[PDB]
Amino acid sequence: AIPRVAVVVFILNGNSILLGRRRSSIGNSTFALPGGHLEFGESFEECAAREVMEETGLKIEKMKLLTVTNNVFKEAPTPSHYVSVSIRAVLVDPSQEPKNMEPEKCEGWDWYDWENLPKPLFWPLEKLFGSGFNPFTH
């Protein structure tokens, strides 16, 4: 039980962000960002681009740190504390279609408009958005 670092990516395309339904013990079936565990020696930007590539195939650019959130899943059956570093990015090719590279972990990735976000959102994302956080302007 130690806090673990994740990097999560807001890929902005027009007024939309990329989200996908998790297949996981935590946040199962909820809509979440691409992202994953930060590796030893890795920068935030390296992690963001690598995770997006592994999960979606998408090539990203203009990465920028947004914020960091503390996410303790106190009532999970196994200890889960994540510190999630949010990165903004855009596509090198805004017409590039997302692929579902890891179907065991995600139902598929799709674009959602900022004014018509899907439900249910993964709790850390719900919590961050409930605070007023806006990845387009932060």
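Rigid core (definition): largest C-alpha set, two forms, superposition within 1.5 Å. One-based numbering along the sequence shown.
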Response to the item:
Superposing the other structures by the rigid core, the farther-displaced stretch by RMS over CA atoms in 4 other deposited structures of this protein, of 77 to 85 and 48 to 56, is 77 to 85
Practice prompt. Higher average CA B factor in the deposited record is what I'm after, so tell me if that's 48 to 56 or 101 to 109.
Written response: 101 to 109
Worksheet item: Which has higher Cα B-factors on average according to the PDB entry: 4 to 12 or 127 to 135?
Response: 127 to 135
Worksheet item: Reading the B-factor column of the entry, which of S43, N28, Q96, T67 has the highest value at its C-alpha atom?
Response: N28
Discussion item. Which third, lowest, middle or highest, does the C-alpha temperature factor of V92 belong to within its own chain?
Written reply: lowest
Discussion item. Using only modelled residues of the chain, where does the Cα B factor of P77 rank: lowest third, middle third or highest third?
Written reply: highest
